[PDB]
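J.: just the structure for this:
(chains A, B, C, D, E and F)
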Protein chains: 6
Amino acid sequence: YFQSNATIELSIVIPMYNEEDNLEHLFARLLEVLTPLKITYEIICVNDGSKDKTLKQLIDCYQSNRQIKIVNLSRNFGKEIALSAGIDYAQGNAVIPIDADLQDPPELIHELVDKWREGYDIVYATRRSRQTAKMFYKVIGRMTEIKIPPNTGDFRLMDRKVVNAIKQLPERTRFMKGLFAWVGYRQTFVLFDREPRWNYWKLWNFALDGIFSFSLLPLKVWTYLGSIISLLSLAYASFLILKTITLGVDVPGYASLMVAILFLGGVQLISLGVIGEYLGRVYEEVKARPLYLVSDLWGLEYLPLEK
Amino acid sequence: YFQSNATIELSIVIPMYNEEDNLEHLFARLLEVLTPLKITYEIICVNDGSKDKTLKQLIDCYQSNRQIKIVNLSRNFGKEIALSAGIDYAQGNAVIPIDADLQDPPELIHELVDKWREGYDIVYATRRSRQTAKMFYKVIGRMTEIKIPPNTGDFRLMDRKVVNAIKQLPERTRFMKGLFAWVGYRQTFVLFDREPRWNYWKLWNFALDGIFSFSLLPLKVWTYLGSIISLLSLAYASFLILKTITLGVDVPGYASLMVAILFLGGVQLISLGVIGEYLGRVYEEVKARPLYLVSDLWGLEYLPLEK
Amino acid sequence: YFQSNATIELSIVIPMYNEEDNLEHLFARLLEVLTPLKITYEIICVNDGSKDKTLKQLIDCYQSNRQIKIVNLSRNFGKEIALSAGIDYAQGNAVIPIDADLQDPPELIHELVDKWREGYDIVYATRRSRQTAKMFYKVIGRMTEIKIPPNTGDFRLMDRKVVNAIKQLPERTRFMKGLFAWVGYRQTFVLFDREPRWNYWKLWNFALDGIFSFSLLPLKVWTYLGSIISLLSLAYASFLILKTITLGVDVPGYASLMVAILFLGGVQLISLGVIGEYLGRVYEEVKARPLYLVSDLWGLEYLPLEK
Amino acid sequence: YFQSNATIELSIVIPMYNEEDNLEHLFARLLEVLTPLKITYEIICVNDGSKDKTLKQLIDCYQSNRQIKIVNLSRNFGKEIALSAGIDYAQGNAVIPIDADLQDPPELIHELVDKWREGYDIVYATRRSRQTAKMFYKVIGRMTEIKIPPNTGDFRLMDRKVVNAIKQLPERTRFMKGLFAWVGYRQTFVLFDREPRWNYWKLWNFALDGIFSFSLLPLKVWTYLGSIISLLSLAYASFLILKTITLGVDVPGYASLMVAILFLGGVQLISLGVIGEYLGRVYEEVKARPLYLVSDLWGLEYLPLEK
Amino acid sequence: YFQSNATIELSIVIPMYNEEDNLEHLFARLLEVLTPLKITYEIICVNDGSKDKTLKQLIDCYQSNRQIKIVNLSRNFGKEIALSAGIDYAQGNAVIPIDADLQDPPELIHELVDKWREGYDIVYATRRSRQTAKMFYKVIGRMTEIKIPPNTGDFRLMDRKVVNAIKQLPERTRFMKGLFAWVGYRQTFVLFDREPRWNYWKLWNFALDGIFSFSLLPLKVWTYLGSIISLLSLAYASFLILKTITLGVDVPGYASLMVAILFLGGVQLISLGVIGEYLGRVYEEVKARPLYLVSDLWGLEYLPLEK
Amino acid sequence: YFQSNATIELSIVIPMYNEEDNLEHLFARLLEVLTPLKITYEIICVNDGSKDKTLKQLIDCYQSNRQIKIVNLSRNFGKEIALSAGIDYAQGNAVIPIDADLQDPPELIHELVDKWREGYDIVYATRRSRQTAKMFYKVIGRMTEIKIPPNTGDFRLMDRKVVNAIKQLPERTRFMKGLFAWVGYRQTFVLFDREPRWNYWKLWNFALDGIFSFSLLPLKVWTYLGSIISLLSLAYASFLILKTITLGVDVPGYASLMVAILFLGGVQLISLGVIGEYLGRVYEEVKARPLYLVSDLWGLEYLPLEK
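T.: Numbers count the residues shown, from 1 in each chain, chains lettered A, B, ... in the order given. There you are, the coordinates:
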């Protein structure tokens, strides 16, 4: 008739910073949405060095609500780091990061949970056409079939599988700049409209970060290109030093200066190329991101992968 | 009369990708070869994001066969990464990677197991003269006596000792580009002919990868060479600045420009050399590959080497 | 009536080096201050390769005093390394590093403990105006509200929380050059005057160390700046090679030499930029300092963070 | 009357390579020296890919002698790596590496054990004046009081404390090129003469390796030197670009070429300096060698330092 | 070519007591039989407080033979306890207890190993008709099909499964008095004749021990029998006290004495019955022998059953 | 020169009870004897609910002496239990229980340690003929060769082996009433005279305790004796009930009363015998004392025997 279950079905993570007189309304809306779901849940609240009296009312809420937990950080780190800390302390089958001002309606949690029950590991809440060859360029640069619109959502659901996959990765803090395209699980999105309503620099910075975070291709290509350029310059320098001895010396100081410049440029370019090759190998050695990820096993048990 | 053994004698690893209507024939041939061996075996099947319905028939085969196990990857990684995942999940005294299209006859598994029983730790299946100073160059660059022909086989048997030796090494994925020559166990080959029938770029790329993956010699040699070149250039610059003061100034702007160019080239070459030396030391620090490997012990127990 | 407690309330750490005939007076003053506090304490004495007979009298003191412990180092490392070793071996709720010559009065330990009881995690003992836009420059460079005067104290109290936070960090040895501003706990200071009574180089070296120890901003900014400079130089070189072909060749060897110099400078600057980017990523990979620190938890238990 | 002790007092480590018909005499001399010592001992024999039949007679000796143990390596690594493997597998209070040809008399083991019993942690066997400002240069470069003659001995005794201190260090293989001067324990030597009887390059290479293996000083000093040189060059370039505009343009292409060369040299030198600084920090991060070593403890228990 | 295996195939256990000048011949015969088997083996020698110099020659044999191990007991316990200690210290797939005087030929070990290879877990060496309703009585009392002749062998082979099953049981020391019939594995025998050539008391004592060691039936049956006897006696006493009051008192002191004797006998018999019932339950509580034994598992892993 | 050893060579255990003003003299004599031994030692002081101020001066002594440790018991248990607690908390290669009044001279510790160094595991200090067929009776009842005089010493040395053997045994508290004769290690005695100078009841109580503590023989023998007596009584009762029916009834109430008495006695004797048999088996089940003890091992490692 009355039974106790110790497993959490859903974790809501809210990083807070000077959210003083908004805690009541926020929790009112959260419980007005969450209790019709009839699932077990927890709310992880992360305080990152607030200067008003947010923490005292957080503790007051914690006393009268068993589903509220508080993570207090030593100082004011970023909001992304606060989200990372909350997700690190969250236990639950699905994790949903929630923004404290509720710009995105909390009623989308119902749709996210519905899509999660259908078997999707990552569900995104994407604005419905918020106020083109670049899209194609980004798609061909992603080298993995992703269909989610470019804004692609910071309000999302992530399965325990995905959060365990990326829990030791530096790029967990910036999940949405290319790590989402690398994990490659079963992913979908949910469309919604926001009543209150396009930077190109932002839309290029994420691609610039991704092309270096998940590929050593620029380093290798540039090392080989500089190597061939250095070889061509050294060949030209050898040709020029062969010249002016068999042929005339019309230019007194031009030929010797060119051969010196070309030889120095070639030797430094070879040094840079060798240094780049060994730096690339060092990067492959110290990389934390694994070689593959496993979705399911049949007839086998998961390897520990931790100690 | 009926006894149960929980140890696997042999692991077959087959990475699959869009192998939809070929699973039946593949398993038919595999069991037609494996059951005369009268040994315990498992078949590890790795699916790397197939787009057809390979996984459903894999599960259908898994239901009616106790020797079939499935590894499902989160997305489509490489076939080499799929092989690495399968070998990581394989438990058995010998591991044999098998290609799903059976271009190499499965009847070679009998010969591989026969050679393994004689005491060889790695057996290769090499094509019998598939359709020269380079061979000698490769041999002298390998600095370890290897007699296996240049194609040297991706269809092979590896003892549990060898797979445990290299299980934490980044070069496990590319075993056959120089790690096989570094492990240095007891190795042999088996010759065979393929009914369906020579790139020089490939035959040089593996040597280029090996000379940098298992030796810091290029880095050290180039750092010292650049250092002596920088010293000679700085000596010439000092000689030239000694010149034109005691001697004439016939060239107005040639001498000062040369001394500036030589001094800058020398200082940058010294900087590159010091950076290369410290990068080499950093590489020795973060290297995962061990200092030695142990084949057997008498009177001693193996060190843990893991935690 | 007589009960035993196994927990230490306070650890005093004194690195010693040739402190031969001063041990008696030092311990006399230490016990004359510590016993009115009515708390449990230990004194950790670190010998770093003293050449006089400091260790024999240390052992003599250890025999007749249960609160004295000795750490003997293999050779003479630095005094900062001796302090690090002592703090590593100290068990206690608060740790106070004490200088062996007692230049700072031991009676400040009462004030430090008083402030610690009020809830401060780090208390500093700062000289009261020991014998300006730089202060503002340092404050704006610290990017975290710190109010402690510039000398900011090596005589201090640190809570067990703080010493556990930084126990695996290379910058623990130099705590006061910027790590104190990064930990960001609850911190205060205590003012005092010294009877025996301003280097600008020291006041700039700590800022120079901090701007590189806790930020990759210089590396990123300089890589992008060099990249744009290289692009501008390559554009000028392309313009010059477009020139002298459509226009005149008045300068025989000036134009070709400039285009060669500009092209080489651009290619080397791009190589340096790519190398710097990948070196920065390598630094983020091997960094020991964590992403955040947790002050308190409500409803949660601390994550292990160790193995 | 007859009691069993499971602790080894002394480990003898002999790396063997094609030591076929010398095993009998070697063991005869070893037991003729060791049994008068009346201590428990083991002999660790390391085979590194011998091509003659050394291993079969090693096993024959192992069958009839309980004090003989064999380490078989997968292939022929170096003799120094074989010594490292043997020391890794050696259990005993003291470890003595012994050369298989017995060029150094085994009767020196008595003197080494005698000196070890007096409290010395490292004892060296140094040739008695085997067939000067450099000695002073090496001494002042060692920055730690070492009195052992320059040849300083590869035949030595090392206490279990020392071998545990350096067991995870890459420089364990080359102990005698500067790690011996860094560990700084209690050390002595024993003088002896060899009946069968000075390279300067070797006497400088060890110093060159030591100045980079145990100090970041060259990197820091060269980065700052290149930085000030770059600043001076950029200042001269700014002065020259200020020149020729207020003053004459007598040199048509000399001034612009110099300003371009100086500006490029300065920007590349700054890039190299920043890269060197961050590479140095990376080196401090990945370094395996610890910050201090502890000789003894009074009132404390040793920290684990391992997992 | 030369490989090391750390697993023992067979353990020979010889308890020794004053076996001084027989060790050579014993080991000669043992190795003359064991080495044709081409299997790995160990010989566990148990000394139980010998008074001659057996242990010194045991140690002499141990020095020159890697397959000899010695267990020294604190004093002279029984020979059965010495066998138990040896089996406790034996590691091997099969264990064979061997008598030190070799009354049973060691050539039977070949037959025992041959039968063990066929799948039998316990093989007995039974004398071939060594110099009847009792056999049938013993068979029907064994309540489990056992066909081995009555002498049934102390010279036997036992699989690692069986020795692990009974390693915590008090009846391990006396295995052959009924525990062999309780374990119930796959068992067989081998017949042999002894050149040097029937107690009924011994043939009944083992049955008497078995009927109480593996069944609570005597206790339960006797408690119920005594209970019904007590009830009948109390009924007769009640009848007699009903008598002599309605009927005559011809016997003055006979009737009262009988009723007193019967009542006391009944009350004491009920007390004994209740005590026996609770003692039986106590025996079931503290029993070490398990409820079942598992021979093989398919699709399951063995339960720990130990801590 | 100064080295620290963390191993104790000798533990002195002194149970104290109202030893107020004797602590100084006791420790004076103890250190006057112990320091010439030049070995590491500890003194374990056990307070068992003293009513005077023994504990405060114990703590005062503990503050100024590193070799003094205190065990405080919750209340006043026995002095033997205090000795057991002290030995439980003692760490050292040898343990010596010392009486607080020093009736036995502490100078005997030198002789005890001397005999311990010769290889004896238990050394007794026996009075030299302190102020006969019983000795022979005790010797033949001990069933193990013990030569120590009857008083046999409570002042003794016991090796770590012996104290580990008996640390879980209830008879550890009364070691000298028969457990010393059961452990059976290498034992000797030392003779001494006491300046201040025979109960038969005590000399019989220890034998009475030993015959029941280390043997089930009385129980088995009495059960079988009662069984045969019961059988004889039941046979006589059957004979008597056969009588008086064929023969006369001269005795009216004697025959029926005898048959009733004999039948009841027989049935109760059988019940007592069965109960005794099962109680004996229960005793063998719950016994803590092991089946054997191991003195030394050659080629083997000790079994855990604990969890």
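
J.: and the strands in the stretch 151-300 of chain A, which stretches?
T.: Using DSSP state E, counting those that start in this stretch, the strands found in the stretch 151-300 of chain A span residues A:156-159, A:187-192, A:294-298.

J.: to chain E, which of these lies closest?
T.: For the strands of the stretch 151-300 of chain A, proximity to chain E was assessed by CB to the nearest CB; strand A:294-298 is nearest, at 14.1 Å. For every residue, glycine as well, the C-beta is placed using N, CA and C.

J.: close to chain B, is that closest one?
T.: Yes: residues of strand A:294-298 contacting chain B under CB under 8 Å from any CB of the partner chain: A:294-298.

J.: near the residue nearest to residue A:39 when sequence neighbours are not counted, how many other residues are there?
T.: Of all residues not flanking residue A:39 in the chain, residue A:9 sits nearest, at 4.2 Å (CB to CB, 6 or more residues apart in numbering or on different chains). Counted with other CB atoms under 10 Å in any protein chain shown, residues neighbouring residue A:9 total 15.

J.: could you do residue A:119 as well?
T.: So residue A:119, with other CB under 10 Å, has 9 neighbours.

J.: repeat that for residue A:302.
T.: By other CB under 10 Å, 10 other residues sit near residue A:302.

J.: and it, helix, strand or coil?
T.: Three-state call for residue A:302 (DSSP: H, G, I helix; E, B strand; the rest coil): coil.

J.: hey, what's the nearest residue to it once chain neighbours are set aside bridged with?
T.: Closest residue to residue A:302 in three dimensions, ignoring its sequence neighbours and counting by CB to CB, 6+ apart: residue A:294, at 7.1 Å. Taking DSSP bridges as the rule, residue A:294 bridges to residue B:73.

J.: do residue A:157 as well
T.: residue A:123.

J.: that one: what's it in contact with?
T.: Neighbouring residues of residue A:157 by CB atoms under 8 Å, 6 or more residues apart in numbering or on different chains: A:94-96, A:112-113, A:115-116, A:122-123.

J.: find the nearest non-adjacent residue to whichever residue of chain A sits closest to chain D, please.
T.: Chain D sits closest to residue A:286 of chain A, with a gap of 7.4 Å, by CB to the nearest CB. Spatial nearest neighbour of residue A:286, excluding adjacent residues (CB to CB, 6+ apart): residue C:285 at 4.5 Å.

J.: verify the stated contact: that neighbour with residue A:287.
T.: Yes: with contact defined as CB atoms under 8 Å, residue C:285 counts as touching residue A:287 (6.4 Å).

J.: higher neighbour count, those two?
T.: residue C:285 (19 against 16).

J.: residue contacts, the more buried one?
T.: A:170, A:283, A:286-288 are the contacts of residue C:285 under CB under 8 Å, 6+ apart.

J.: derive a ChimeraX selection command for the buried subset of these.
T.: To isolate the buried members of the contacts of residue C:285 in ChimeraX, using 16 or more other CB atoms under 10 Å in any protein chain shown:
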select /A:170,283,286,287
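
J.: closest to chain B out of the contacts of residue C:285?
T.: Closest to chain B, out of all of the contacts of residue C:285 and judged by CB to the nearest CB, is residue A:286, at 5.2 Å.

J.: quick check: residues of the stretch 201-307 of chain A near chain D?
T.: Counting by CB under 8 Å from any CB, the stretch 201-307 of chain A sits next to chain D at residue A:286.

J.: ok, the stretch 51-200 of chain A next?
T.: Counting by CB under 8 Å from any CB, no residue of the stretch 51-200 of chain A is near chain D.

J.: excluding its backbone neighbours, what's nearest the residue in the stretch 51-200 of chain A that chain F sits nearest to?
T.: Proximity of the stretch 51-200 of chain A to chain F (CB to the nearest CB) peaks at residue A:91, 32.0 Å away. Closest residue to residue A:91 apart from its sequence neighbours, by CB to CB, 6+ apart: residue A:8 at 5.5 Å.

J.: count of neighbours near the one you found?
T.: 17.

J.: now do the contacts for it.
T.: Counting by CB under 8 Å, 6+ apart, residue A:8 touches A:40-42, A:91-93.

J.: quick check: the residue of the stretch 51-200 of chain A closest to chain F touching residue A:44?
T.: No: between residue A:91 and residue A:44 there is no contact under CB under 8 Å: 9.1 Å.

J.: packing partners of the host helix or strand of residue A:141?
T.: If you go by DSSP states H and E, residue A:141 is part of helix A:133-142. If you count contacts as 3 or more CB pairs under 8 Å, 6 or more residues apart in numbering or on different chains; DSSP states H and E, helix A:133-142 packs onto helix A:200-213.

J.: is chain C within reach of the helix it packs on?
T.: Yes: using CB under 8 Å from any CB, helix A:200-213 comes into contact with chain C via A:212-213.

J.: the inter-axis angle of that helix versus helix A:133-142?
T.: Computed by axes from the mean of the first three to the mean of the last three CA atoms, to 10 degrees, the angle separating helix A:200-213 from helix A:133-142 equals 10 degrees.

J.: what does helix A:200-213 contact?
T.: So helix A:200-213 is contacted by A:134, A:137-138, A:141-142, A:150, A:171, A:174, A:176-179, A:181, A:217-218, C:277-278, C:281 (CB under 8 Å, 6+ apart).

J.: try stretch A:94-105
T.: Under CB under 8 Å, 6+ apart, the answer for stretch A:94-105 is A:9-17, A:19, A:22, A:26, A:29-30, A:83, A:86-87, A:106, A:109, A:112-113, A:116, A:125, A:154-160, A:163, A:192, A:194, A:196.
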